[PDB]
Amino acid sequence: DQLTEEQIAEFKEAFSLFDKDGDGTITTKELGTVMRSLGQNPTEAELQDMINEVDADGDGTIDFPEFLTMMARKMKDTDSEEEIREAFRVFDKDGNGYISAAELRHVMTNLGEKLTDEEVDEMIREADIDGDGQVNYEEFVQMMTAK
Ligand SMILES: [Ca+2]
Ligand SMILES: [Ca+2]
Ligand SMILES: [Ca+2]
Ligand SMILES: [La+3]
């Protein structure tokens, strides 16, 4: 019961990356494309269940308001313990305990945002507390709790 301007901004950014055609609806093809690039393999039946969960009007696809609710369930309900480690493994593929600028940029590119290499290195230094030029799991959760 509030809804901030920053909140809507975060959702809108994610929604634009999902909807490749920007028609306002997310099909199983679009939803599956994002998850497939994140190192996951969800089937047609699996992707459909995700859409039906937030299907307010039951049109078969994910609309703008339906997507807002979907993100509110994961980013504002779940993800506390044994769930952040799974997300960390998505960025750090080799699992060395450190997320380099190359790994972060790779995941972002798969999402849809093809940022520059220099921009990603600026993000790394932001979460870099020990000054090693990388982001470990300890620094990952630290930045995940902050803006
Ligand atoms: Ca679409
Ligand atoms: Ca690594
Ligand atoms: Ca570090
Ligand atoms: La819908």
# chains A, B, ... in the order shown; residues from 1 in each chain; ligands from 1
$ residues_around --residues "residue A:114" --least-positions-apart "4" --cutoff "8 Å" --atoms "only C-alpha atoms" --output "tab-separated table (two decimals) with N, CA, C and O atoms, in the first residue's frame"
chain	number	residue	atom	x	y	z
A	105	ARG	N	28.76	-9.00	-16.99
A	105	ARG	CA	28.35	-8.48	-18.29
A	105	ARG	C	27.69	-9.57	-19.14
A	105	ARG	O	26.77	-9.29	-19.91
A	108	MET	N	24.07	-10.11	-17.88
A	108	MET	CA	23.24	-8.95	-18.22
A	108	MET	C	22.89	-8.94	-19.70
A	108	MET	O	21.78	-8.57	-20.08
A	109	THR	N	23.85	-9.33	-20.54
A	109	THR	CA	23.65	-9.40	-21.98
A	109	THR	C	22.57	-10.42	-22.33
A	109	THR	O	21.78	-10.22	-23.25
$ residues_around --residues "stretch 12-28 of chain A" --least-positions-apart "2" --cutoff "10 Å" --atoms "only C-alpha atoms" --output "ChimeraX atom specification"
/A:6-10,30-34,42-51,59-68,71,108-113
$ residues_around --residues "residue A:129" --least-positions-apart "5" --cutoff "9 Å" --atoms "only C-alpha atoms" --output "PyMOL selection string"
chain A and resi 134-135+139
$ residues_around --residues "residue A:90" --least-positions-apart "2" --cutoff "9 Å" --atoms "only C-alpha atoms" --output "list in words"
residues 38, 39, 85, 86, 87, 88, 92, 93 and 107 of chain A
$ select_by_dssp --residues "stretch 45-140 of chain A" --states "strand (DSSP E)" --output "JSON, numbers by chain"
{"A": [98, 99, 135, 136]}
$ atom_distance --atom1 "atom CA of residue A:57" --atom2 "atom CA of residue A:41"
27.1 Å
$ closest_atom_pairs --of "chain A" --to "ligand 2" --cutoff "12 Å" --atoms "only C-alpha atoms and all ligand atoms" --output "JSON lines"
{"residue": "A:88", "atom": "CA", "partner": "ligand 2", "partner_atom_place_in_ligand_line": "1 (Ca)", "distance": 10.6}
{"residue": "A:89", "atom": "CA", "partner": "ligand 2", "partner_atom_place_in_ligand_line": "1 (Ca)", "distance": 9.6}
{"residue": "A:90", "atom": "CA", "partner": "ligand 2", "partner_atom_place_in_ligand_line": "1 (Ca)", "distance": 10.6}
{"residue": "A:91", "atom": "CA", "partner": "ligand 2", "partner_atom_place_in_ligand_line": "1 (Ca)", "distance": 8.2}
{"residue": "A:92", "atom": "CA", "partner": "ligand 2", "partner_atom_place_in_ligand_line": "1 (Ca)", "distance": 5.0}
{"residue": "A:93", "atom": "CA", "partner": "ligand 2", "partner_atom_place_in_ligand_line": "1 (Ca)", "distance": 6.5}
{"residue": "A:94", "atom": "CA", "partner": "ligand 2", "partner_atom_place_in_ligand_line": "1 (Ca)", "distance": 5.3}
{"residue": "A:95", "atom": "CA", "partner": "ligand 2", "partner_atom_place_in_ligand_line": "1 (Ca)", "distance": 6.0}
{"residue": "A:96", "atom": "CA", "partner": "ligand 2", "partner_atom_place_in_ligand_line": "1 (Ca)", "distance": 5.1}
{"residue": "A:97", "atom": "CA", "partner": "ligand 2", "partner_atom_place_in_ligand_line": "1 (Ca)", "distance": 6.7}
{"residue": "A:98", "atom": "CA", "partner": "ligand 2", "partner_atom_place_in_ligand_line": "1 (Ca)", "distance": 5.1}
{"residue": "A:99", "atom": "CA", "partner": "ligand 2", "partner_atom_place_in_ligand_line": "1 (Ca)", "distance": 5.1}
{"residue": "A:100", "atom": "CA", "partner": "ligand 2", "partner_atom_place_in_ligand_line": "1 (Ca)", "distance": 5.8}
{"residue": "A:101", "atom": "CA", "partner": "ligand 2", "partner_atom_place_in_ligand_line": "1 (Ca)", "distance": 9.2}
{"residue": "A:102", "atom": "CA", "partner": "ligand 2", "partner_atom_place_in_ligand_line": "1 (Ca)", "distance": 8.5}
{"residue": "A:103", "atom": "CA", "partner": "ligand 2", "partner_atom_place_in_ligand_line": "1 (Ca)", "distance": 6.7}
{"residue": "A:104", "atom": "CA", "partner": "ligand 2", "partner_atom_place_in_ligand_line": "1 (Ca)", "distance": 9.5}
{"residue": "A:106", "atom": "CA", "partner": "ligand 2", "partner_atom_place_in_ligand_line": "1 (Ca)", "distance": 11.5}
{"residue": "A:133", "atom": "CA", "partner": "ligand 2", "partner_atom_place_in_ligand_line": "1 (Ca)", "distance": 11.6}
{"residue": "A:134", "atom": "CA", "partner": "ligand 2", "partner_atom_place_in_ligand_line": "1 (Ca)", "distance": 8.7}
{"residue": "A:135", "atom": "CA", "partner": "ligand 2", "partner_atom_place_in_ligand_line": "1 (Ca)", "distance": 9.3}
{"residue": "A:136", "atom": "CA", "partner": "ligand 2", "partner_atom_place_in_ligand_line": "1 (Ca)", "distance": 9.3}
{"residue": "A:137", "atom": "CA", "partner": "ligand 2", "partner_atom_place_in_ligand_line": "1 (Ca)", "distance": 11.4}
$ write_last_selection --atoms "N, CA and C atoms" --output "mmCIF file, in the first residue's frame"
data_model
loop_
_atom_site.group_PDB
_atom_site.id
_atom_site.type_symbol
_atom_site.label_atom_id
_atom_site.label_comp_id
_atom_site.auth_asym_id
_atom_site.auth_seq_id
_atom_site.Cartn_x
_atom_site.Cartn_y
_atom_site.Cartn_z
ATOM 1 N N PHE A 88 23.738 -16.618 -7.300
ATOM 2 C CA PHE A 88 25.163 -16.313 -7.370
ATOM 3 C C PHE A 88 25.852 -17.223 -8.383
ATOM 4 N N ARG A 89 25.379 -18.464 -8.456
ATOM 5 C CA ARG A 89 25.923 -19.456 -9.378
ATOM 6 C C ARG A 89 25.607 -19.098 -10.830
ATOM 7 N N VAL A 90 24.566 -18.291 -11.025
ATOM 8 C CA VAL A 90 24.163 -17.873 -12.362
ATOM 9 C C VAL A 90 25.179 -16.899 -12.953
ATOM 10 N N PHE A 91 25.675 -15.986 -12.120
ATOM 11 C CA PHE A 91 26.667 -15.013 -12.560
ATOM 12 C C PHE A 91 28.036 -15.673 -12.627
ATOM 13 N N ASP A 92 28.427 -16.285 -11.515
ATOM 14 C CA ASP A 92 29.702 -16.980 -11.414
ATOM 15 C C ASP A 92 29.547 -18.426 -11.883
ATOM 16 N N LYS A 93 29.646 -18.625 -13.195
ATOM 17 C CA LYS A 93 29.497 -19.945 -13.805
ATOM 18 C C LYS A 93 30.557 -20.947 -13.345
ATOM 19 N N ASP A 94 31.823 -20.533 -13.324
ATOM 20 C CA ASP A 94 32.903 -21.437 -12.928
ATOM 21 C C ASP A 94 32.907 -21.714 -11.424
ATOM 22 N N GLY A 95 32.107 -20.958 -10.674
ATOM 23 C CA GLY A 95 32.010 -21.162 -9.237
ATOM 24 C C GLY A 95 33.336 -21.042 -8.502
ATOM 25 N N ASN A 96 34.077 -19.966 -8.747
ATOM 26 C CA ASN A 96 35.360 -19.774 -8.077
ATOM 27 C C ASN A 96 35.196 -18.910 -6.829
ATOM 28 N N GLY A 97 33.975 -18.430 -6.603
ATOM 29 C CA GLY A 97 33.701 -17.610 -5.437
ATOM 30 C C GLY A 97 33.827 -16.123 -5.708
ATOM 31 N N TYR A 98 34.157 -15.760 -6.944
ATOM 32 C CA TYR A 98 34.315 -14.354 -7.307
ATOM 33 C C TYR A 98 33.677 -14.045 -8.659
ATOM 34 N N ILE A 99 32.906 -12.964 -8.710
ATOM 35 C CA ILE A 99 32.246 -12.552 -9.943
ATOM 36 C C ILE A 99 33.018 -11.423 -10.615
ATOM 37 N N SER A 100 33.660 -11.727 -11.738
ATOM 38 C CA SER A 100 34.423 -10.725 -12.469
ATOM 39 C C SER A 100 33.514 -9.889 -13.364
ATOM 40 N N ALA A 101 34.079 -8.830 -13.939
ATOM 41 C CA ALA A 101 33.336 -7.939 -14.825
ATOM 42 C C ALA A 101 32.840 -8.665 -16.074
ATOM 43 N N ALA A 102 33.600 -9.658 -16.524
ATOM 44 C CA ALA A 102 33.234 -10.423 -17.710
ATOM 45 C C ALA A 102 32.018 -11.310 -17.454
ATOM 46 N N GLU A 103 31.943 -11.885 -16.256
ATOM 47 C CA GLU A 103 30.829 -12.757 -15.892
ATOM 48 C C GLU A 103 29.537 -11.969 -15.699
ATOM 49 N N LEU A 104 29.637 -10.823 -15.030
ATOM 50 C CA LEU A 104 28.475 -9.974 -14.781
ATOM 51 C C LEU A 104 27.887 -9.454 -16.093
ATOM 52 N N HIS A 106 28.173 -10.797 -19.000
ATOM 53 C CA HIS A 106 27.644 -11.922 -19.767
ATOM 54 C C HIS A 106 26.192 -12.210 -19.398
ATOM 55 N N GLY A 133 39.158 -6.429 -6.924
ATOM 56 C CA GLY A 133 38.640 -6.217 -8.265
ATOM 57 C C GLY A 133 37.552 -7.199 -8.658
ATOM 58 N N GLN A 134 36.987 -7.894 -7.674
ATOM 59 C CA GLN A 134 35.925 -8.865 -7.934
ATOM 60 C C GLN A 134 34.867 -8.810 -6.836
ATOM 61 N N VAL A 135 33.781 -9.555 -7.022
ATOM 62 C CA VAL A 135 32.694 -9.571 -6.047
ATOM 63 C C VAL A 135 32.378 -10.987 -5.570
ATOM 64 N N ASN A 136 32.753 -11.293 -4.329
ATOM 65 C CA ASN A 136 32.486 -12.609 -3.754
ATOM 66 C C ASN A 136 31.041 -12.695 -3.273
ATOM 67 N N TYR A 137 30.645 -13.855 -2.746
ATOM 68 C CA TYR A 137 29.281 -14.056 -2.257
ATOM 69 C C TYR A 137 28.942 -13.128 -1.090
#
$ select_by_dssp --residues "chain A" --states "alpha helix (DSSP H)" --output "MDAnalysis selection string"
chainID A and resid 5:18 28:37 44:53 64:74 84:91 101:111 117:127 137:145
$ decode --residues "stretch 73-135 of chain A" --atoms "C-alpha atoms" --output "compact mmCIF listing (two decimals), in the first residue's frame"
# COMPACT_ATOMS: atom_id res chain seq x y z
CA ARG A 73 6.58 -12.82 -5.09
CA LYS A 74 10.28 -13.47 -5.67
CA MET A 75 11.87 -10.12 -4.76
CA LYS A 76 9.46 -9.48 -1.87
CA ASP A 77 8.65 -12.80 -0.20
CA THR A 78 11.24 -15.44 -1.07
CA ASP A 79 15.04 -15.37 -1.41
CA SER A 80 16.63 -15.39 2.04
CA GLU A 81 18.78 -18.48 2.52
CA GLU A 82 19.86 -21.25 0.12
CA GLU A 83 18.20 -19.16 -2.60
CA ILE A 84 20.74 -16.37 -3.04
CA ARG A 85 23.46 -18.97 -3.56
CA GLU A 86 21.55 -20.27 -6.59
CA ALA A 87 21.46 -16.78 -8.10
CA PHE A 88 25.16 -16.31 -7.37
CA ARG A 89 25.92 -19.46 -9.38
CA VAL A 90 24.16 -17.87 -12.36
CA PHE A 91 26.67 -15.01 -12.56
CA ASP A 92 29.70 -16.98 -11.41
CA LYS A 93 29.50 -19.95 -13.81
CA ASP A 94 32.90 -21.44 -12.93
CA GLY A 95 32.01 -21.16 -9.24
CA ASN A 96 35.36 -19.77 -8.08
CA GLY A 97 33.70 -17.61 -5.44
CA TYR A 98 34.31 -14.35 -7.31
CA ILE A 99 32.25 -12.55 -9.94
CA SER A 100 34.42 -10.73 -12.47
CA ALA A 101 33.34 -7.94 -14.83
CA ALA A 102 33.23 -10.42 -17.71
CA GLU A 103 30.83 -12.76 -15.89
CA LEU A 104 28.47 -9.97 -14.78
CA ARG A 105 28.35 -8.48 -18.29
CA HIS A 106 27.64 -11.92 -19.77
CA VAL A 107 24.56 -12.48 -17.61
CA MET A 108 23.24 -8.95 -18.22
CA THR A 109 23.65 -9.40 -21.98
CA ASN A 110 21.55 -12.57 -21.78
CA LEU A 111 18.84 -10.59 -19.99
CA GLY A 112 18.68 -8.12 -22.86
CA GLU A 113 20.80 -5.22 -21.62
CA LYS A 114 24.03 -5.17 -23.62
CA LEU A 115 26.00 -2.73 -21.45
CA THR A 116 29.59 -1.68 -22.18
CA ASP A 117 32.58 -3.45 -20.59
CA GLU A 118 33.66 -0.24 -18.86
CA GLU A 119 30.22 0.24 -17.31
CA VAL A 120 30.29 -3.27 -15.84
CA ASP A 121 33.73 -2.72 -14.31
CA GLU A 122 32.34 0.36 -12.57
CA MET A 123 29.66 -1.82 -10.99
CA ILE A 124 32.21 -4.39 -9.83
CA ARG A 125 34.29 -1.76 -8.00
CA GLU A 126 31.08 -0.51 -6.36
CA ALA A 127 30.44 -3.85 -4.64
CA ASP A 128 34.17 -4.52 -4.26
CA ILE A 129 35.02 -4.12 -0.57
CA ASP A 130 38.36 -5.95 -0.32
CA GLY A 131 39.75 -4.22 -3.40
CA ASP A 132 40.59 -7.46 -5.25
CA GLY A 133 38.64 -6.22 -8.26
CA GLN A 134 35.93 -8.87 -7.93
CA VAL A 135 32.69 -9.57 -6.05
